[PDB]
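Novice: this one's sequence-less:
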Ligand code: CLA
Ligand code: HEM
Ligand SMILES: CC1=C(/C=C/C(C)=C/C=C/C(C)=C/C=C/C=C(C)/C=C/C=C(C)/C=C/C2=C(C)CCCC2(C)C)C(C)(C)CCC1
Ligand SMILES: CC1=C(/C=C/C(C)=C/C=C/C(C)=C/C=C/C=C(C)/C=C/C=C(C)/C=C/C2=C(C)CCCC2(C)C)C(C)(C)CCC1
Ligand SMILES: CCCCCCCS[C@@H]1O[C@H](CO)[C@@H](O)[C@H](O)[C@H]1O
Ligand SMILES: CCCCCCCS[C@@H]1O[C@H](CO)[C@@H](O)[C@H](O)[C@H]1O
Ligand SMILES: CCCCCCCS[C@@H]1O[C@H](CO)[C@@H](O)[C@H](O)[C@H]1O
Ligand SMILES: CCCCCCCS[C@@H]1O[C@H](CO)[C@@H](O)[C@H](O)[C@H]1O
């Protein structure tokens, strides 16, 4: 289908990606809603969602 | 919704002539299809060869065309491969092979028309479910 | 609310880049499933940061 | 680096038409007259440098040759992909209904 | 008089290639005019060796013994193909079809399991020049294809695959993907193997030959997830030659 | 950091049921008296002595 992804606002503002694995990678993030950059190293984060104090 | 004459109106031949089936013919078609065909063709698929289904679009692209009463009745007498190239009576149930497919022995010309009508009407009712397999259950 | 703001920006004559760049970081962040309290697990312990990471 | 070759194949003509060098045999059912007789011959005599070369299969009847000519527009050829032709996958690729 | 399925079933004999007796030391005439073919080729492995992979390359790596854990399921048989005569009198077997592969798992000292696709797929094997007759001096040397041990549909335990399956570690929705590239992106191996067949017995009347073989090939790489190992397979073979 | 392995090796127990030996050999057969068999024997001894303690 020749799917591309363009970003508006944020870090990637003005950029367009056409590489299918890159575009797919962003689409996987888009199922979670708005896309963020995370520091996963400082806490050795495991990539698995946790609840908030509201949940607890 | 109702099983109307319009639903029961299907192509009789390759020219464009239609035939309108009765509710009795519909019932008979389902009964006879279950009797002789369903063990392999339940829900419009083909258990022993899933590549070929009983969807009207598939039948239309068969050789000779099978998307009409005449084509289907002829198939039930002298079944062929999808390209028309080989006669498969020896491995497919037919009037021609009623000796080795004994359930075909008591099927009349009237019965064949009913079964053919069932095959054509069913997708008009069930849509993509007919010939769809488990995905559509 | 994000969409409302973007549409209003566009209606007022902003480009798509300007419209999205006017969305506050904090508002975008609420529109992300990682902050939904119904996404955790009983034995997935600790801060939300321990899962997806510290948002940057 | 690391690429899924089947996904990449989907970005070529293989994703648009029946690829005579790669596509599983059940795909020939999409068009009149191709399955099973011609489909078997096409897969058996692969690969082809061009689509037209399908007309060179030994033993074809004149009707069969004409059916092929009428369908050339629905065919393509790309490089043989090991992952699609190994395991007898052109004859049965593990997909039914 | 002659053994039947019920004589053989469950004995282990069905995994053994046919043998020739000690009097079979003849020679099978070759005629440059006539085309030949192998009607049946059988290969029965008797030992599997895996090359050790030391931490240091200064000392040479040796092939070591392994234990078979997949039982009497190892032999190739019913293999056929053209036996061509080449202008220099040499003969070339071009493998066409047959039961020409077996998945095999062997276990090294300390438990490490080595799965491999023991195979001669697409074998092209040649004799020495000027073979007027196949004798106990004739040998075949050649190369064959070793395709991926799993084919393209195979799904890993997390449901990832090449021609099917997920393309990511779905249990880790927000993990960084770079470190998992090798496990996430499946790849289909195709490598070369080498084989030598040493003819030890010939029945010139029947056209049957037998002897020993040695083959070398790579093991399973689990669709690109790890480096394969070098395997050496030794055993006995049997072949029947016919005019085509 | 092996503490008891050297004491088994000192008096002739050098092989594992898994097929290795501490001298670096492959495919050896240690019989029952591998490192594992020694371990097993001591566990069974422990149990027998435990029961004998109860009786006494
Ligand atoms: C109302 C109680 C309560 C709640 C909702 C929270 C909430 C929170 N705490 Mg606090 N905390 C509490 C009380 C609480 N705390 C108490 C009493 C202490 C002292 C022990 C602490 C000390 C503490 C520390 C040190 C930390 C937190 C952290 C956290 C966060 C992560 C929670 C987590 O991972 O749980 C995990 C929950 C479970 C694994 C579920 C427990 C299930 C038990 C074992 C069930 C027992 C079953 C029972 C034996 C069955 C009996 C059967 C029998 C009757 C027959 C979250 C905001 C973390 C945080 O992020 O800090 C910044 C953190 O590091 N808490
Ligand atoms: C009288 C009852 C039956 C009828 C009316 C019937 C109808 C049909 C039709 C119309 C087709 C062609 C489909 C197409 O062109 O897309 C077909 C194909 C096929 N049917 Fe039946 N069928 C009957 C019984 C059976 C039974 C009992 C079996 C299983 C034993 C069976 C197995 C098959 C197979 C394997 C094909 C594909 C044949 C080929 O092209 O090689 N059919 N059938
Ligand atoms: C945590 C840790 C660790 C560990 C440890 C351990 C492992 C331990 C142990 C231990 C132990 C394991 C112990 C023990 C014990 C015991 C005892 C002390 C006992 C006893 C007894 C008794 C008392 C008995 C009695 C009796 C009986 C029963 C019967 C009859 C008789 C009599 C009476 C005699 C380490 C160091 C690594 C490090 C850090 C951490
Ligand atoms: C010679 C030999 C050897 C050795 C050995 C040994 C060392 C042994 C031992 C032993 C033992 C060491 C034994 C034992 C024992 C015991 C017992 C037999 C017991 C018992 C008991 C009982 C019977 C009890 C009871 C009771 C209880 C439990 C509880 C409460 C009550 C009563 C008291 C009733 C070896 C191997 C080197 C080698 C070669 C041979
Ligand atoms: C078909 C007649 C050609 C002579 C070859 C031997 C008989 S072939 C014949 O094929 C029929 C299906 O068409 C079956 O009804 C019948 O049982 C089968 O034996
Ligand atoms: C008392 C019961 C002892 C349990 C026996 C465990 C099998 S023996 C075990 O096998 C492993 C894999 O083959 C080796 O890695 C290991 O060195 C060896 O000790
Ligand atoms: C409590 C479990 C008992 C296990 C007994 C297994 C013995 S095994 C037996 O042992 C002999 C003497 O060591 C060896 O000569 C021989 O190679 C070995 O097979
Ligand atoms: C209580 C259960 C303990 C079972 C003991 C079984 C180990 S028995 C052990 O097996 C080795 C190969 O696995 C052989 O090399 C060796 O001869 C034999 O003694």
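Specialist: Yep, that arrived. Numbers count the residues shown, from 1 in each chain, chains lettered A, B, ... in the order given. Ligands and ions are numbered 1, 2, ... in the order given.
Novice: those strands in chain B, which residues are they?
Specialist: Here chain B has its strands, by DSSP state E, at B:9-11, B:18-20.
Novice: Which of these sits closest to ligand 6?
Specialist: Within the strands of chain B, the stretch nearest ligand 6 is strand B:9-11; the backing value is 68.1 Å (Cβ to the nearest ligand atom). Every C-beta, even on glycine, is put in place using the N, C-alpha and C of the backbone.
Novice: since we're on the residue of chain C found nearest ligand 8, how many residues are nearby?
Specialist: In chain C, no residue comes nearer to ligand 8 than residue C:43, which is 35.1 Å away by Cβ to the nearest ligand atom. Burial measure for residue C:43: 5 neighbouring residues, criterion other Cβ atoms under 10 Å in any protein chain shown.
Novice: Quick check: longest strand in chain E by residues?
Specialist: Ranked by residue count and defined by DSSP E, the top strand of chain E is strand E:36-51.
Novice: what does chain D have sitting close to chain A?
Specialist: For chain D, the contact set with chain A under Cβ under 8 Å from any Cβ of the partner chain comprises D:3-4, D:7-8, D:11.
Novice: Please pick the buried ones from these.
Specialist: Among the residues of chain D next to chain A, the ones that count as buried by 16 or more other Cβ atoms under 10 Å in any protein chain shown are D:4, D:7.
Novice: Quick check: chain neighbours aside, which residue is closest to the one residue in chain C that gets nearest to ligand 2?
Specialist: Residue of chain C nearest ligand 2, by Cβ to the nearest ligand atom: residue C:33 (45.0 Å). Beyond its immediate neighbours in the sequence, the residue positioned closest to residue C:33 (Cβ to Cβ, 6 or more residues apart in numbering or on different chains) is residue A:32, lying 4.4 Å away.
Novice: Residue C:34 is in contact with the one you found, correct?
Specialist: Yes. Residue A:32 lies in contact with residue C:34 (Cβ atoms under 8 Å); the separation is 6.2 Å.
Novice: what about the two, which has more around it?
Specialist: The neighbour count for residue A:32 versus residue C:34, taken as other Cβ under 10 Å, is higher for residue C:34 (22 against 19).
Novice: SS state for that one?
Specialist: Applying DSSP: H, G, I helix; E, B strand; the rest coil to residue C:34 yields a three-state assignment of helix.
Novice: And for the one 3 residues further on?
Specialist: Following three-state DSSP, the label given to residue C:37 is coil.
Novice: give me the number of residues near residue E:214?
Specialist: Residue E:214 is flanked by 16 other residues according to other Cβ under 10 Å.
Novice: Tell me if it really is in a helix.
Specialist: No. According to three-state DSSP, residue E:214 belongs to no helix; its state is strand.
Novice: and it, what are its bridge partners?
Specialist: Bridge pairing for residue E:214 (DSSP bridges) gives the partners residue E:196, residue E:234.
Novice: Would you mind measuring from it to residue E:119?
Specialist: Applying Cβ to Cβ, to the nearest Å, the value for residue E:214 to residue E:119 is 15 Å.
Novice: Of the strands of chain B, give the one that comes closest to residue E:26.
Specialist: Relative to residue E:26, the nearest member of the strands of chain B by Cβ to Cβ is strand B:9-11, separated by 72.0 Å.
Novice: Please see if the closest one touches ligand 2.
Specialist: No. Under the criterion of Cβ under 6 Å from any ligand atom, strand B:9-11 makes no contact with ligand 2; the nearest approach is 13.8 Å.
Novice: Neighbouring strands - and their directions - for that strand?
Specialist: Strand pairing for strand B:9-11, determined by DSSP bridges: strand B:18-20 (antiparallel).
Novice: Can you give me the buried ones in the strand it pairs with?
Specialist: Buried residues in strand B:18-20, counting neighbours by 16+ other Cβ under 10 Å, are found at residue B:19.
Novice: Repeat that for stretch E:212-226.
Specialist: Within stretch E:212-226, the residues that qualify as buried are E:213-224, counting by 16+ other Cβ under 10 Å.
Novice: Excluding chain neighbours, what is closest to residue F:27?
Specialist: Spatial nearest neighbour of residue F:27, excluding adjacent residues (Cβ to Cβ, 6+ apart): residue E:65 at 4.2 Å.
Novice: Contacts only, for residue A:45.
Specialist: Neighbouring residues of residue A:45 by Cβ atoms under 8 Å, 6 or more residues apart in numbering or on different chains: A:38-39, C:49-54, E:174.
Novice: Look up how far chain C lies from the residue positioned nearest the centre of chain F.
Specialist: Of all residues in chain F, the one closest to the mean position by Cα atoms, centre = their mean is residue F:38, 2.0 Å from it. The spacing between residue F:38 and chain C, counted by Cβ to the nearest Cβ, to the nearest Å, is 39 Å.
Novice: which SS state does that residue fall under?
Specialist: Following three-state DSSP, the label given to residue F:38 is helix.
Novice: That one is in contact with residue F:11, isn't it?
Specialist: No. Here residue F:38 lies out of contact with residue F:11, judged by Cβ under 8 Å, at a distance of 9.7 Å.
Novice: longest helix anywhere in chain D?
Specialist: Longest helix in chain D, counting residues (DSSP state H): helix D:62-71.
Novice: by contact count, what packs against that one?
Specialist: Contact partners of helix D:62-71 among helices and strands, from 3 or more Cβ pairs under 8 Å, 6 or more residues apart in numbering or on different chains; DSSP states H and E: helix D:37-44.
Novice: residues contacting the nearest residue to residue B:136 once chain neighbours are set aside?
Specialist: Of all residues beyond its chain neighbours, the one nearest residue B:136 is residue B:129 (4.2 Å), with distances taken as Cβ to Cβ, 6+ apart. Remark: with contacts taken as Cβ under 8 Å, 6+ apart, residue B:129 is in contact with B:43, B:136-137.
Novice: any chance of the residues you listed in JSON lines, plus neighbour count and distance to residue E:161?
Specialist: Supplementary listing: the contacts of residue B:129 in JSON lines, determined by neighbours: other Cβ atoms under 10 Å in any protein chain shown; distance: Cβ to Cβ, whole Å:
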{"residue": "B:43", "neighbour count": "19", "distance to residue E:161": "28"}
{"residue": "B:136", "neighbour count": "15", "distance to residue E:161": "24"}
{"residue": "B:137", "neighbour count": "7", "distance to residue E:161": "25"}
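Novice: filter those down to the ones near ligand 1?
Specialist: Among the contacts of residue B:129, proximity to ligand 1 is found for none (Cβ under 6 Å from any ligand atom).
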